[PDB]
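**Student:** Structure provided below as structure tokens; questions to follow.
FYI the Cβ positions are ideal-geometry reconstructions off the backbone, even for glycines, and counts take in every protein chain you see. Read-outs throughout are calculated quantities, based only on the coordinates presented, and are distinct from any laboratory measurement.
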């Protein structure tokens, strides 16, 4: 942004804006588990399949 | 104890999140893959 | 250098080709290969 | 001006796609000097009686 | 190459020893190094400016 | 016999001396002993898994 | 050139004396000799198999 | 750091001494240096790859 | 608003909801009917009961495709409806404005 | 323009689209029905699901040719349509210009 009002219109002093930047990497996140194909079918109680 | 007093009233909030991809489900329940080939029918 | 004189109107064409199978497209998209779950996020 | 002209370098750039696939393969030529005889196996025993 | 020196014998700020005088033509406009210090060095010209590249 | 080894020349997580590494292929699947510690040792086959029972 | 090689530390059934045990021998997809013995020796792999160009 | 080694189980193209063998697992994926030669280095990951960072 | 009373905003009508889910359009059916056993079918149904409708939907599609008798019955039943003439009628003892709307 | 709204340019109507694809006209069907097993049929269908319609189309053509009962049924079904009288009608409560166009 712009700085304070100075105290001299005689011999005015120029200024510049500062360009700021922020860099961030969006790396992935994961998590998983292994299960057997027969066991999910060989489970009549409803558990092992709410996975 | 790592607290964070925050105004959360300016145009932006602290620790802003960035939603790139939703929670697309990844599954491995078909013989298509080598997990069931190399292993005893391991689905993932 | 690399010449060749051939007929074109004959019942046979020289250097005949063989399009035995079409230009089938082979792809590696997502939960179809292991390159993308038990590996990096690679596709071929 | 900008006190960090390096940071604003990415701000002041632009990308235009004109060289992307600005090329093509040579025109098909085997049709003139060849004919397709598709088969359905890993061989072809041609046969004629002279 | 230095594409701008922004000097023209201008009164560029040089904050040294707690006082910001103008010692020489330290005007520069590039993204090579010390941009944060370039803020202090090239804040106030205070006099007329004219850039003449040194091709450095 | 041995139910499974899941070695593929890679363990799941062999953590010793406060550092967790990945080598020596110490993967087992059985409740013979140290099941609570078997959860920590196992449960992380980063690389492929190959099961070749040793019939021990 | 010979097409056929197994270089993934893969297991194959090679019979030494009265038993068949893991080992990598011929490991080729082409045969001109020892076909009857190769069949027992060239049992397709147990684990991951990948082929290369020995060109021997 | 080394975002990816691209080494495990895969072998890439390595052109040295006029003969481009395949070994030593020199896979990498970054824009640090020798980016143009990265194509030549990764010109033949013939075998299955399995990334794992070295945190270099 | 809608019939259920939920607030309606015309801003969201410019684009389909699934447009921002380009991942869905690239999926392929897993064909769970191939190699199906009674235990697998029971597991599929039970899992569907718990909110995993993907496998159930794919199984139903395969079942529709692979059975000629079932497909013929369903097609006949649906074509029965598709051939019915339809009309829009105003509400009970509707007024002139309601008749015009209808 | 067309019904779908895509821009229409009369320049491209002078030549067929496939004219510049002389390779297609020289192809011959591969006849995938010969030596067909259930595994081969399943692979053909699955591959067709993924965008390889060539094998599926050729298999369907062979299936049509090699089965007399199926061919008779399909021919009867199509000839049913081919024998229907048809007419072009103007839209609902059309005007004189619309009637002339129709």
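**Student:** Can you give the mean number of other chain Cβ atoms that lie within 10 Å of the Cβ atoms in peptide F:47-56?
**Tutor:** 5
**Student:** List the distances, in nm and shortest first, from the label point of residue G:2 to the matching label points in every other copy, placing each point 7 Å from Cα along the Cα-to-Cβ direction.
**Tutor:** Label-point separations across copies, in nm and ascending: 3.1, 3.4, 7.0.
**Student:** Computed over the Cα atoms, what is the radius of gyration of chain B divided by 2.2 N^0.38 Å, N being its residue count?
**Tutor:** Chain B yields a ratio of 2.32.
**Student:** How much FRET efficiency would the formula 1/(1 + (r/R0)^6) give for residue I:98 and residue A:36, where r is the Cβ-Cβ distance and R0 is 60 Å, rounded to 0.05?
**Tutor:** E(calc), rounded to 0.05, equals 0.45.
**Student:** Principal axis lengths of chain E from Cα atoms, whole Å, largest first?
**Tutor:** 32, 24, 14
**Student:** Sticking with this one: Just H:36, H:24, H:12 to compare: in a GNM of chain H, with alpha carbon springs under 10 Å, which one fluctuates most?
**Tutor:** H:36
**Student:** Subtract the Cα-Cα distance of residue I:3 and residue I:69 from 0.36 nm times their separation in residues, and report this length gain in nm to one decimal.
**Tutor:** The span from residue I:3 to residue I:69 would gain 19.8 nm if fully extended.
**Student:** With 16 Å as the cut-off, how large is the P(r) tail for chain I, expressed as percent of Cα-Cα pairs?
**Tutor:** Across chain I, Cα pairs with separations above 16 Å total 78 percent.
**Student:** Shifting gears a bit: Inside 10 Å of the C-beta atoms of G:1-13, what's the mean count of C-beta atoms belonging to other chains?
**Tutor:** For peptide G:1-13, the averaged partner shielding equals 1.
**Student:** Return the chain J residue and its Cβ-to-axis distance, rounded to the nearest Å, for the rotation relating J to I.
**Tutor:** Of all Cβ atoms in chain J, the one nearest the axis gives J:69, 32.
**Student:** Modelled label-to-label distance, residue J:79 and residue F:33, 7 Å Cα→beta-carbon offset: nm?
**Tutor:** Calculated label separation equals 8.4 nm.
**Student:** Follow-up. Hey, got the average number of other protein chain Cβ atoms within 10 angstrom for residues in A:16-29?
**Tutor:** Mean shielding count: 4.
**Student:** Right, something else. Which order do J:81, D:8, D:3 fall in if you start with the one that has the fewest other Cβ atoms within 10 Å?
**Tutor:** J:81, D:8, D:3
**Student:** For the protein assembly as shown, give the share of DSSP beta bridges that are antiparallel, in percent and rounded to the nearest 5; count only bridges with both residues there.
**Tutor:** 90 percent
**Student:** Could you tell me the convex hull volume per residue, in Å³, taken over the Cα atoms of the protein assembly as shown?
**Tutor:** 488 Å³
**Student:** Let me ask another. With n ≥ 4 as the cut-off for DSSP H runs, can you work out [θ] at 222 nm for chain A, using -39500 (n - 2.57) per run divided by the number of residues, rounded to the nearest 500?
**Tutor:** -2000 deg cm²/dmol
**Student:** Pairing the Cα long axis of helix J:38-49 with the longest principal axis of chain J, what angle in degrees results, from 0 to 90 and rounded to the nearest 10?
**Tutor:** 30 degrees
**Student:** Shifting gears a bit: Cut-off is 10 Å between beta-carbons; in what order do I:63, B:29 appear when sorted fewest neighbours first?
**Tutor:** I:63, B:29
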